[PDB]
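J.: Quick one: structure below, then a few questions.
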Amino acid sequence: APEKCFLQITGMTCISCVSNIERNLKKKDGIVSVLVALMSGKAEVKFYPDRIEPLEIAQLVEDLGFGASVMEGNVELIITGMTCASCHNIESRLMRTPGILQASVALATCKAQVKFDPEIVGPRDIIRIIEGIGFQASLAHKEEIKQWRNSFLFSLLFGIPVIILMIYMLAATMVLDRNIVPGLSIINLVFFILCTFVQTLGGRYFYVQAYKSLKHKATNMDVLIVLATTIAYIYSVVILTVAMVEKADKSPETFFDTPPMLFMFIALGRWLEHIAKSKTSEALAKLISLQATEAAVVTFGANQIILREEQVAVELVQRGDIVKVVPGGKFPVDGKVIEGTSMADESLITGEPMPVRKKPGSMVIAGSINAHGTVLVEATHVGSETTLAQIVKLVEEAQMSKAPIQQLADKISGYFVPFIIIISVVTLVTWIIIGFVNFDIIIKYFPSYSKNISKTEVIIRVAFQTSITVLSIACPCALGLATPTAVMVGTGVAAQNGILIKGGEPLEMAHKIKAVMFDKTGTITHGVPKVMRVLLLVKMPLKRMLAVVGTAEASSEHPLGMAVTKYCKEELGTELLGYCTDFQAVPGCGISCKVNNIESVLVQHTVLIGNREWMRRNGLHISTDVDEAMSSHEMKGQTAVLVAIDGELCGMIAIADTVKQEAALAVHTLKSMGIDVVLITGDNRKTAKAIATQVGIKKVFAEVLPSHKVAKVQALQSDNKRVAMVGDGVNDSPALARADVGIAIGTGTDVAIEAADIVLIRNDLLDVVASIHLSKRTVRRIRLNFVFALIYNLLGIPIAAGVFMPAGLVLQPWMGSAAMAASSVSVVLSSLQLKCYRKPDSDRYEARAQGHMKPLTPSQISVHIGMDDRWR
Ligand code: ALF
Ligand SMILES: [Mg+2]
């Protein structure tokens, strides 16, 4: 019992791997018990220290074929009625009981924390003790959109009148120019009030965002707008104040137009950007729902002593408890099957729908679907140690590992901010130099000389005005709309094309994909078995035999049986099945039936269906020719079942999974573009190799656990490659979250759909190629939009700086407004034009692969099993 040792085991890929390890280790003398997990690769061994040593245990595990290395409980409860400090009694009683290390209770919140050894004490014991005492105990982004929307609305409310007044003044006005005081004017006063409101309210979020950006040692669009608007607002106030002091006859021109203009559009762009980025992460909630909510704890044993059956919450269960699973109910916790035989569906881990036989001494997975009978399970892993919980942890880690991507607008603004400052400073110094040296150019191009102020003031004031005009014109207005507008339009195109894209990230990353991994079941081939071929081993028509088999197999519940029946129905008129029929079945051995309704088949004695073992035990042998056919069929990893009548061999039926017709074309198309194709699946190597040969995938991975899939994705990403994961099962969810781009089949599991960032509503593999092409068109359009959001402003900078002054061109007041409309309209029109995109026709893909596509020999395909390639 004492000196329990901890071991780490690698190279295990099956639950049968765990069962063999446990059985062999327990068989050896000295070893008392062993526990181990599949994905965690962690094991605990209890043995007598005086008989065997940890080094021997590691050597024994290594001999089994799995690498072994030697390496080194808290409960929170809420208790009612904790209104008195004396009820100290609870803590003292807990300390008295063995196996409890510490226990404390807080009177302020009635919360209690207990630390103990799980192997000796559990939460149930503490709860029972508390109940006995006399008290009950029980175990314990949109903000950005809202604030951006508020800022945009406030700017629009206090910014629209600013634009309306400007249009009225420019288009047409002497009344508005009337001066209440010599330095100010009614029009100027209105501009100042509205601008102040916009800056105080609309610019509040801009200031903090820029303030936060500065703490990040980086500059982005928010910093650019804040600096530009603040400078323009400050200068306007100063010129107004000096004009009032100097009581000038004519009020100076103010730059109150800019801050309302930039805040409105930038806030709108940021609001649109965050709306597109909005997404849901309900995948974690779906995974939690899979776990069972209750278990049927048993008392004593199951041989000759049984007293009570108690419904206990899964969280309250502890290791070593015995639970009962009814058929159709989920397994509550991982454990060992004792005195129970039934069918278990383990699509959570391996992903296939084929049930796996469970026999006493075997192991089960939490969340697996039980059927065919009742089962008694001895829990071994509970709580977060369950396999399902480990998957949830992997999904959480993958989601948290997705760092944010810097927007192209922010990157452009990073270089823009120094650029505008440099030209603004350069424009200031040169104009000051020009005025000081000559002072004649200023008079010719500026009537300000008529004022009585000194010459130095005129040259300084004009230089400051010219530099600031350059700065205001330089700052773009449609920069924020460049990316979000195209992204939203691109998403609409995807929706019209049967592709659902969650957020704008996938559209900006699919074009970077260089490696794609496809799951086998459901993704590359249909998830339900289908009859592949039928052969004849007196010589009745094949159709009559098929009808006879269908009637006998009508009541069968095996997926193969129903697949055979539907295939027979399709081959026949399937008007109605025969009435008279007797059914008898030996599970895992075969099925026998009595059919005497052959007349019904003719209008439209004994039937035996089974395998090699059934024939051998029934006195029927296997011929050489038929045996060779079975070996060839089995070589392709497909099931085969033989039919006999009245003890005489009749024929054989082969059932195999049919690959999607477009899977081969999609794989070839991806390869033609220089994108690697990888087939990763949890099925046996034989089936994976056959599927890969059919579709032409060079790299095949088989017997892969969910943890292994994440590792493979991480390994591919480590090589600077972008990985696009395609899957439909629960086991694929952690890979989809970890992958750069996640694609979920439309008919797949709910968890897979939520985890994946892209959903194929039309469940056609060609959409993966189409999505990459659609992303390429979007990114190219986004860059063009940025040009439209900068070229108009860039062309205006020389005019503001006065480069074209000698040519007769001057910065007219309406140019600033004109630049906005041209840039905003151009960006919107450019983004909207993406709606004309059309999905490439399947004929084009076929024509492009008329001769390039060619089947691949099975000998050239390399099959790798496991992560370390320990096995062949
Ligand atoms: F269908 Al799979 F891994 F083969 F999810
Ligand atoms: Mg699948």
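If you're wondering about the labels, chains in the structure tokens are A, B, ... by order shown, residues count from 1 in each chain, ligands from 1 in order shown.
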Residues within 9 Å of ligand 2 should be enumerated using only C-alpha atoms and all ligand atoms and returned as number ranges by chain.
T.: A: 347, 350-352, 518-525, 527, 681-682, 727-732, 745, 748-749
J.: Filtering to N, CA and C atoms, could you give me those residues as an mmCIF file, in the first residue's frame?
T.:
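The file below, out-v7.cif, is the result:
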```cif
data_model
loop_
_atom_site.group_PDB
_atom_site.id
_atom_site.type_symbol
_atom_site.label_atom_id
_atom_site.label_comp_id
_atom_site.auth_asym_id
_atom_site.auth_seq_id
_atom_site.Cartn_x
_atom_site.Cartn_y
_atom_site.Cartn_z
ATOM 1 N N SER A 347 -17.474 7.084 -30.067
ATOM 2 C CA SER A 347 -17.212 8.077 -31.100
ATOM 3 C C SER A 347 -16.544 9.330 -30.552
ATOM 4 N N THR A 350 -12.267 7.794 -30.670
ATOM 5 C CA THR A 350 -11.823 7.277 -31.961
ATOM 6 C C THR A 350 -12.585 7.920 -33.116
ATOM 7 N N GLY A 351 -13.870 8.222 -32.920
ATOM 8 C CA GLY A 351 -14.651 8.943 -33.901
ATOM 9 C C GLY A 351 -15.545 8.092 -34.776
ATOM 10 N N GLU A 352 -15.345 6.780 -34.804
ATOM 11 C CA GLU A 352 -16.148 5.915 -35.649
ATOM 12 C C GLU A 352 -17.463 5.554 -34.962
ATOM 13 N N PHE A 518 -7.332 16.278 -43.422
ATOM 14 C CA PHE A 518 -8.710 15.837 -43.590
ATOM 15 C C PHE A 518 -8.962 14.608 -42.731
ATOM 16 N N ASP A 519 -10.063 14.627 -41.984
ATOM 17 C CA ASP A 519 -10.513 13.431 -41.293
ATOM 18 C C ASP A 519 -11.056 12.425 -42.303
ATOM 19 N N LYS A 520 -11.050 11.151 -41.912
ATOM 20 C CA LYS A 520 -11.475 10.091 -42.821
ATOM 21 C C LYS A 520 -12.990 9.907 -42.801
ATOM 22 N N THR A 521 -13.545 9.554 -41.645
ATOM 23 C CA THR A 521 -14.967 9.254 -41.545
ATOM 24 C C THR A 521 -15.784 10.541 -41.556
ATOM 25 N N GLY A 522 -16.801 10.583 -42.413
ATOM 26 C CA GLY A 522 -17.690 11.726 -42.483
ATOM 27 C C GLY A 522 -17.172 12.841 -43.366
ATOM 28 N N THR A 523 -15.869 13.110 -43.295
ATOM 29 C CA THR A 523 -15.263 14.193 -44.066
ATOM 30 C C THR A 523 -14.844 13.722 -45.457
ATOM 31 N N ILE A 524 -13.987 12.705 -45.522
ATOM 32 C CA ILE A 524 -13.529 12.195 -46.809
ATOM 33 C C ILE A 524 -14.452 11.105 -47.348
ATOM 34 N N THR A 525 -15.113 10.355 -46.468
ATOM 35 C CA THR A 525 -16.040 9.311 -46.879
ATOM 36 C C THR A 525 -17.305 9.412 -46.040
ATOM 37 N N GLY A 527 -20.215 8.666 -43.510
ATOM 38 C CA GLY A 527 -20.124 8.136 -42.167
ATOM 39 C C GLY A 527 -20.937 6.893 -41.897
ATOM 40 N N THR A 681 -6.704 10.148 -39.030
ATOM 41 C CA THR A 681 -7.931 9.502 -38.587
ATOM 42 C C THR A 681 -7.618 8.550 -37.442
ATOM 43 N N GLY A 682 -8.653 8.236 -36.667
ATOM 44 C CA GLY A 682 -8.560 7.292 -35.577
ATOM 45 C C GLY A 682 -8.886 5.861 -35.938
ATOM 46 N N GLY A 727 -12.728 18.602 -40.056
ATOM 47 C CA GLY A 727 -13.223 17.489 -39.273
ATOM 48 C C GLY A 727 -14.692 17.662 -38.958
ATOM 49 N N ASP A 728 -15.285 16.588 -38.434
ATOM 50 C CA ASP A 728 -16.707 16.587 -38.110
ATOM 51 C C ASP A 728 -17.041 15.992 -36.751
ATOM 52 N N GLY A 729 -16.121 15.290 -36.091
ATOM 53 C CA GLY A 729 -16.392 14.631 -34.835
ATOM 54 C C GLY A 729 -15.943 15.440 -33.628
ATOM 55 N N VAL A 730 -16.259 14.888 -32.454
ATOM 56 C CA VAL A 730 -15.854 15.519 -31.201
ATOM 57 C C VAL A 730 -14.338 15.505 -31.064
ATOM 58 N N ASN A 731 -13.702 14.389 -31.430
ATOM 59 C CA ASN A 731 -12.252 14.287 -31.301
ATOM 60 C C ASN A 731 -11.536 15.336 -32.141
ATOM 61 N N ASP A 732 -12.176 15.820 -33.206
ATOM 62 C CA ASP A 732 -11.568 16.826 -34.066
ATOM 63 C C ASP A 732 -11.716 18.242 -33.526
ATOM 64 N N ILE A 745 -17.687 20.037 -41.180
ATOM 65 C CA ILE A 745 -18.667 19.553 -42.142
ATOM 66 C C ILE A 745 -20.067 19.895 -41.653
ATOM 67 N N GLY A 748 -21.776 17.372 -39.517
ATOM 68 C CA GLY A 748 -20.963 16.910 -38.415
ATOM 69 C C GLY A 748 -21.608 17.165 -37.065
ATOM 70 N N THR A 749 -20.839 16.872 -36.021
ATOM 71 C CA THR A 749 -21.314 17.047 -34.658
ATOM 72 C C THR A 749 -21.460 18.530 -34.327
#
```
J.: Within 12 Å of residue 741 in chain A, counting only C-alpha atoms, which residues show up once you throw out same-chain ones fewer than 2 positions away? Write them as a count of residues only, please.
T.: 43
J.: Using only C-alpha atoms, which protein or nucleic acid residues come within 8 Å of range 450-466 of chain A? Drop anything in the same chain fewer than 6 positions from it, and give the result as a list in words.
T.: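 Near range 450-466 of chain A, the qualifying residues are residues 427, 428, 429, 431, 432, 435, 436, 439, 442, 800 and 801 of chain A.
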J.: Out of A:754, A:290, A:359, A:606, which residue has the shortest atom-to-atom distance to residue 389 in chain A when counting only C-alpha atoms?
T.: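 Ranked by minimum distance to residue 389 in chain A, first place goes to A:290.
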J.: As a PyMOL selection string, please: the residues near residue 35 in chain A (cut-off 9 Å, only C-alpha atoms, same-chain neighbours under 3 positions excluded).
T.: chain A and resi 18+22+42-46+380-381
J.: Taking only C-alpha atoms and all ligand atoms into account, name the residue in A:47, A:871, A:701, A:786 that is nearest to ligand 1.
T.: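 That would be A:701, the residue with the smallest distance to ligand 1.
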J.: Work out how far CA of residue 677 in chain A is from CA of residue 700 in chain A, in Å to one decimal.
T.: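 About the pair CA of residue 700 in chain A and CA of residue 677 in chain A: they are 9.3 Å apart.
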J.: Which neighbours of residue 243 in chain A fall inside 6 Å, counting only C-alpha atoms, when residues of the same chain fewer than 4 positions from it are skipped, and could you give them as a VMD selection string?
T.: chain A and resid 183 247 to 248
J.: For those residues, write N, CA and C atoms to a file as a short mmCIF file (atom, residue, chain, number, x, y, z; two decimals), in the first residue's frame.
T.:
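File written: part_25.cif
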```cif
data_model
loop_
_atom_site.label_atom_id
_atom_site.label_comp_id
_atom_site.auth_asym_id
_atom_site.auth_seq_id
_atom_site.Cartn_x
_atom_site.Cartn_y
_atom_site.Cartn_z
N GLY A 183 -13.57 89.69 -32.40
CA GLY A 183 -12.69 88.56 -32.70
C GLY A 183 -13.41 87.30 -33.13
N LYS A 247 -9.06 91.89 -31.20
CA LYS A 247 -10.30 92.42 -31.77
C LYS A 247 -10.12 92.73 -33.25
N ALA A 248 -9.74 91.70 -34.00
CA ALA A 248 -9.54 91.85 -35.43
C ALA A 248 -10.87 92.07 -36.14
#
```
J.: For range 265-275 of chain A, find every residue with an atom within 9 Å (counting only C-alpha atoms), except residues of its own chain fewer than 3 positions away, and show them as number ranges by chain.
T.: A: 141-142, 144-149, 151-153, 155, 202, 206, 221-222, 225, 260-262, 278-279, 477-485, 487-488, 503-504, 824
J.: Could you write those residues out with C-alpha atoms, as a CSV table (one decimal), in the first residue's frame?
T.:
```
chain,number,residue,atom,x,y,z
A,141,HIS,CA,-16.1,41.8,-25.9
A,142,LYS,CA,-19.6,43.3,-26.3
A,144,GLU,CA,-16.2,47.5,-27.0
A,145,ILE,CA,-19.1,47.4,-29.4
A,146,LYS,CA,-21.4,49.3,-27.1
A,147,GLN,CA,-18.8,52.0,-26.3
A,148,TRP,CA,-17.8,52.3,-30.0
A,149,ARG,CA,-21.5,52.6,-30.9
A,151,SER,CA,-19.1,57.3,-29.5
A,152,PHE,CA,-20.2,57.1,-33.1
A,153,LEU,CA,-23.8,58.1,-32.3
A,155,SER,CA,-20.2,62.3,-32.9
A,202,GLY,CA,-17.1,61.6,-29.0
A,206,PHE,CA,-10.5,57.8,-28.6
A,221,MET,CA,-5.3,54.6,-35.7
A,222,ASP,CA,-6.6,55.8,-32.3
A,225,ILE,CA,-6.9,60.5,-34.8
A,260,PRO,CA,-16.1,66.0,-36.1
A,261,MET,CA,-15.2,64.5,-39.5
A,262,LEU,CA,-12.6,62.0,-38.3
A,278,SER,CA,-18.1,39.2,-33.0
A,279,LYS,CA,-18.4,35.4,-32.6
A,477,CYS,CA,-11.2,59.3,-43.2
A,478,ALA,CA,-12.0,56.0,-44.9
A,479,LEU,CA,-9.1,54.1,-43.5
A,480,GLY,CA,-11.2,52.5,-40.9
A,481,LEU,CA,-13.7,51.4,-43.5
A,482,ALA,CA,-11.2,49.7,-45.8
A,483,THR,CA,-11.0,46.3,-44.0
A,484,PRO,CA,-14.4,45.9,-42.3
A,485,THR,CA,-16.5,46.8,-45.4
A,487,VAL,CA,-14.8,41.6,-44.8
A,488,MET,CA,-18.5,41.9,-44.2
A,503,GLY,CA,-15.7,36.4,-38.0
A,504,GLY,CA,-13.4,38.1,-40.4
A,824,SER,CA,-15.6,57.0,-48.7
```
J.: Would you pick out the contacts of residue 322 in chain A at 10 Å or less, using only C-alpha atoms, so that residues sharing its chain but fewer than 6 positions from it are not included, and give the list as a list in words?
T.: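 The residues satisfying every condition are residues 295, 296, 297, 298, 299, 300, 301, 302, 335, 336, 337, 338, 376, 377, 378, 379 and 380 of chain A.
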J.: Choose the residue, out of A:531, A:78, A:240, A:14, that has the smallest atom-to-atom separation from residue 181 in chain A; count only C-alpha atoms.
T.: A:240
J.: Report as a CSV table (one decimal) with N, CA, C and O atoms, in the first residue's frame: the residues of range 483-683 of chain A with a DSSP assignment of strand (DSSP E), based on the backbone of this structure.
T.:
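Written file, result.csv:
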```
chain,number,residue,atom,x,y,z
A,499,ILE,N,-21.2,28.6,-47.6
A,499,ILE,CA,-20.1,28.6,-46.7
A,499,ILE,C,-20.4,29.6,-45.6
A,499,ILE,O,-20.6,30.8,-45.9
A,500,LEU,N,-20.4,29.1,-44.3
A,500,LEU,CA,-20.6,30.0,-43.2
A,500,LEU,C,-19.3,30.3,-42.5
A,500,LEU,O,-18.6,29.4,-42.1
A,501,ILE,N,-19.0,31.6,-42.4
A,501,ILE,CA,-17.7,32.1,-41.9
A,501,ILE,C,-18.0,32.9,-40.6
A,501,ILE,O,-18.8,33.8,-40.6
A,515,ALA,N,-1.0,23.8,-45.7
A,515,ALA,CA,-1.1,22.4,-45.3
A,515,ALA,C,-2.6,22.2,-44.8
A,515,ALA,O,-3.1,23.0,-44.0
A,516,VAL,N,-3.2,21.1,-45.3
A,516,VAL,CA,-4.6,20.8,-44.9
A,516,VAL,C,-4.7,19.4,-44.5
A,516,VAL,O,-4.1,18.5,-45.1
A,517,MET,N,-5.3,19.1,-43.3
A,517,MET,CA,-5.5,17.8,-42.8
A,517,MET,C,-7.0,17.4,-42.9
A,517,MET,O,-7.8,18.2,-42.4
A,518,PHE,N,-7.3,16.3,-43.4
A,518,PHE,CA,-8.7,15.8,-43.6
A,518,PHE,C,-9.0,14.6,-42.7
A,518,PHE,O,-8.2,13.7,-42.7
A,530,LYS,N,-21.9,1.2,-46.4
A,530,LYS,CA,-22.7,0.9,-47.6
A,530,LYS,C,-22.2,-0.4,-48.3
A,530,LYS,O,-21.0,-0.7,-48.2
A,531,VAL,N,-23.1,-1.2,-48.8
A,531,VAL,CA,-22.8,-2.4,-49.4
A,531,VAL,C,-21.9,-2.2,-50.7
A,531,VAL,O,-22.3,-1.3,-51.5
A,532,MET,N,-20.8,-2.8,-50.8
A,532,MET,CA,-19.8,-2.6,-51.8
A,532,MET,C,-20.0,-3.6,-53.0
A,532,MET,O,-20.0,-3.2,-54.1
A,533,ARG,N,-20.0,-4.9,-52.6
A,533,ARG,CA,-20.1,-5.9,-53.6
A,533,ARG,C,-20.8,-7.2,-53.1
A,533,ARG,O,-20.9,-7.4,-51.8
A,534,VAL,N,-21.4,-8.0,-53.9
A,534,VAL,CA,-22.0,-9.2,-53.6
A,534,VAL,C,-21.6,-10.3,-54.6
A,534,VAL,O,-21.5,-10.1,-55.8
A,535,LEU,N,-21.2,-11.5,-54.0
A,535,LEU,CA,-20.7,-12.6,-54.8
A,535,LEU,C,-21.4,-13.9,-54.4
A,535,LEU,O,-21.9,-14.0,-53.3
A,536,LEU,N,-21.5,-14.8,-55.4
A,536,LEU,CA,-22.1,-16.1,-55.2
A,536,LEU,C,-21.0,-17.1,-55.0
A,536,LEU,O,-20.0,-17.2,-55.7
A,581,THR,N,-41.5,-14.9,-40.5
A,581,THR,CA,-40.0,-15.0,-40.3
A,581,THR,C,-39.7,-15.1,-38.8
A,581,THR,O,-40.4,-14.5,-38.0
A,582,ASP,N,-38.8,-16.0,-38.5
A,582,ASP,CA,-38.3,-16.3,-37.2
A,582,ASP,C,-36.9,-15.8,-37.1
A,582,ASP,O,-36.1,-16.0,-38.0
A,583,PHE,N,-36.6,-15.2,-35.9
A,583,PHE,CA,-35.3,-14.6,-35.7
A,583,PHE,C,-34.6,-15.2,-34.5
A,583,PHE,O,-35.2,-15.3,-33.4
A,584,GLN,N,-33.3,-15.5,-34.6
A,584,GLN,CA,-32.5,-15.9,-33.5
A,584,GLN,C,-31.0,-15.5,-33.8
A,584,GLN,O,-30.5,-15.6,-34.9
A,585,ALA,N,-30.4,-14.9,-32.7
A,585,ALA,CA,-29.0,-14.3,-32.9
A,585,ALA,C,-28.2,-14.7,-31.7
A,585,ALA,O,-28.6,-14.7,-30.6
A,586,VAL,N,-26.9,-15.0,-32.0
A,586,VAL,CA,-25.8,-15.2,-31.1
A,586,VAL,C,-24.9,-14.0,-31.2
A,586,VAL,O,-24.2,-13.9,-32.3
A,590,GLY,N,-23.0,-14.7,-35.0
A,590,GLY,CA,-23.8,-14.8,-36.2
A,590,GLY,C,-25.3,-14.7,-35.9
A,590,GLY,O,-25.6,-14.5,-34.7
A,591,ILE,N,-26.1,-14.8,-36.9
A,591,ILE,CA,-27.5,-14.7,-36.8
A,591,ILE,C,-28.1,-15.8,-37.6
A,591,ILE,O,-27.7,-16.2,-38.7
A,592,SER,N,-29.2,-16.4,-37.1
A,592,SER,CA,-30.0,-17.5,-37.8
A,592,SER,C,-31.4,-17.1,-37.9
A,592,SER,O,-32.0,-16.4,-37.0
A,593,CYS,N,-32.1,-17.5,-39.0
A,593,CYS,CA,-33.5,-17.1,-39.2
A,593,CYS,C,-34.2,-18.2,-40.0
A,593,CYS,O,-33.5,-19.0,-40.7
A,594,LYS,N,-35.5,-18.3,-39.8
A,594,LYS,CA,-36.3,-19.2,-40.6
A,594,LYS,C,-37.2,-18.4,-41.5
A,594,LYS,O,-38.0,-17.6,-41.0
A,595,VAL,N,-37.1,-18.6,-42.8
A,595,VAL,CA,-37.8,-17.9,-43.8
A,595,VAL,C,-38.6,-18.9,-44.6
A,595,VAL,O,-38.0,-19.8,-45.2
A,606,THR,N,-34.3,-22.2,-44.3
A,606,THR,CA,-33.6,-21.6,-43.2
A,606,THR,C,-32.5,-20.7,-43.8
A,606,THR,O,-31.9,-21.0,-44.8
A,607,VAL,N,-32.3,-19.6,-43.1
A,607,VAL,CA,-31.3,-18.6,-43.5
A,607,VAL,C,-30.3,-18.4,-42.4
A,607,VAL,O,-30.6,-18.2,-41.3
A,608,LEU,N,-29.0,-18.4,-42.8
A,608,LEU,CA,-27.9,-18.3,-41.9
A,608,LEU,C,-26.9,-17.3,-42.4
A,608,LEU,O,-26.5,-17.3,-43.6
A,609,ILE,N,-26.5,-16.3,-41.5
A,609,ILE,CA,-25.6,-15.3,-41.8
A,609,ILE,C,-24.5,-15.2,-40.8
A,609,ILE,O,-24.9,-15.3,-39.6
A,610,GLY,N,-23.3,-15.2,-41.2
A,610,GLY,CA,-22.2,-15.2,-40.2
A,610,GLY,C,-20.8,-15.0,-40.8
A,610,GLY,O,-20.7,-14.5,-41.9
A,639,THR,N,-15.4,-4.8,-44.3
A,639,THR,CA,-16.1,-6.0,-43.7
A,639,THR,C,-16.7,-6.9,-44.7
A,639,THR,O,-17.2,-6.4,-45.8
A,640,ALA,N,-16.7,-8.2,-44.4
A,640,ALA,CA,-17.4,-9.1,-45.3
A,640,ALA,C,-18.1,-10.1,-44.5
A,640,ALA,O,-17.6,-10.6,-43.5
A,641,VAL,N,-19.3,-10.5,-45.0
A,641,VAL,CA,-20.2,-11.5,-44.3
A,641,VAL,C,-20.7,-12.5,-45.3
A,641,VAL,O,-21.0,-12.1,-46.5
A,642,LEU,N,-20.7,-13.7,-45.0
A,642,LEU,CA,-21.1,-14.8,-45.9
A,642,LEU,C,-22.5,-15.3,-45.5
A,642,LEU,O,-22.9,-15.4,-44.3
A,643,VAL,N,-23.3,-15.7,-46.5
A,643,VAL,CA,-24.7,-16.1,-46.4
A,643,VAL,C,-24.8,-17.6,-46.8
A,643,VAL,O,-24.1,-18.0,-47.8
A,644,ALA,N,-25.5,-18.4,-46.0
A,644,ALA,CA,-25.7,-19.8,-46.3
A,644,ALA,C,-27.2,-20.1,-46.1
A,644,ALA,O,-27.9,-19.5,-45.3
A,645,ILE,N,-27.7,-21.1,-46.8
A,645,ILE,CA,-29.1,-21.6,-46.7
A,645,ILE,C,-29.1,-23.1,-46.5
A,645,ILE,O,-28.4,-23.8,-47.2
A,648,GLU,N,-25.9,-24.9,-46.5
A,648,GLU,CA,-25.1,-24.9,-47.7
A,648,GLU,C,-24.6,-23.4,-48.0
A,648,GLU,O,-25.5,-22.5,-48.0
A,649,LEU,N,-23.4,-23.2,-48.3
A,649,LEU,CA,-22.8,-21.9,-48.6
A,649,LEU,C,-23.5,-21.4,-49.9
A,649,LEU,O,-23.6,-22.1,-50.9
A,650,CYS,N,-24.0,-20.1,-49.8
A,650,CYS,CA,-24.7,-19.5,-50.9
A,650,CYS,C,-23.9,-18.3,-51.5
A,650,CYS,O,-23.7,-18.3,-52.8
A,651,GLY,N,-23.5,-17.4,-50.8
A,651,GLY,CA,-22.8,-16.2,-51.3
A,651,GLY,C,-22.2,-15.4,-50.2
A,651,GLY,O,-22.1,-15.7,-49.1
A,652,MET,N,-21.7,-14.2,-50.7
A,652,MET,CA,-20.9,-13.3,-49.8
A,652,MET,C,-21.3,-11.9,-50.1
A,652,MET,O,-21.6,-11.6,-51.3
A,653,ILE,N,-21.3,-11.1,-49.1
A,653,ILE,CA,-21.7,-9.6,-49.2
A,653,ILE,C,-20.6,-8.8,-48.6
A,653,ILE,O,-20.2,-9.1,-47.4
A,654,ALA,N,-20.0,-7.9,-49.3
A,654,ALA,CA,-18.9,-7.0,-48.8
A,654,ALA,C,-19.4,-5.6,-48.5
A,654,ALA,O,-20.1,-5.1,-49.4
A,655,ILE,N,-19.2,-5.1,-47.4
A,655,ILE,CA,-19.6,-3.7,-47.0
A,655,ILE,C,-18.4,-2.9,-46.7
A,655,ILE,O,-17.5,-3.3,-46.0
A,656,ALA,N,-18.4,-1.7,-47.4
A,656,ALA,CA,-17.2,-0.8,-47.3
A,656,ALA,C,-17.8,0.6,-47.3
A,656,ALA,O,-18.9,0.9,-47.8
A,676,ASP,N,0.0,21.0,-49.1
A,676,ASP,CA,0.1,19.6,-48.6
A,676,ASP,C,-1.2,19.1,-48.2
A,676,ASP,O,-2.1,19.8,-47.6
A,677,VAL,N,-1.4,17.8,-48.4
A,677,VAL,CA,-2.6,17.1,-48.0
A,677,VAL,C,-2.2,15.9,-47.1
A,677,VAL,O,-1.4,15.1,-47.4
A,678,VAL,N,-2.9,15.9,-45.9
A,678,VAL,CA,-2.6,14.9,-44.9
A,678,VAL,C,-3.9,14.2,-44.5
A,678,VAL,O,-4.9,14.9,-44.2
A,679,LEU,N,-3.9,12.9,-44.4
A,679,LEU,CA,-5.1,12.1,-43.9
A,679,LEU,C,-4.8,11.6,-42.5
A,679,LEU,O,-3.9,10.8,-42.3
A,680,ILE,N,-5.5,12.2,-41.6
A,680,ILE,CA,-5.4,11.9,-40.1
A,680,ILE,C,-6.7,11.3,-39.7
A,680,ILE,O,-7.8,12.0,-39.8
```
J.: CA of residue 169 in chain A and CA of residue 814 in chain A are how many Å apart?
T.: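 Result for CA of residue 169 in chain A versus CA of residue 814 in chain A: 10.1 Å, one decimal.
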J.: For the helix (DSSP H, G or I) assignment from backbone DSSP, which residues of range 381-624 of chain A qualify? Please present them as number ranges by chain.
T.: A: 383-385, 387-400, 408-437, 440-445, 447-450, 455-474, 479-496, 506-508, 510-512, 542-552, 559-571, 598-603, 612-617, 624
J.: So what do you get for CA of residue 287 in chain A versus CA of residue 388 in chain A, distance-wise?
T.: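 Answer for the CA of residue 287 in chain A to CA of residue 388 in chain A separation: 7.9 Å.
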J.: Using only C-alpha atoms and all ligand atoms, which of A:823, A:684, A:196, A:406 sits nearest ligand 1?
T.: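 Ranking A:823, A:684, A:196, A:406 by distance to ligand 1, first place goes to A:684.
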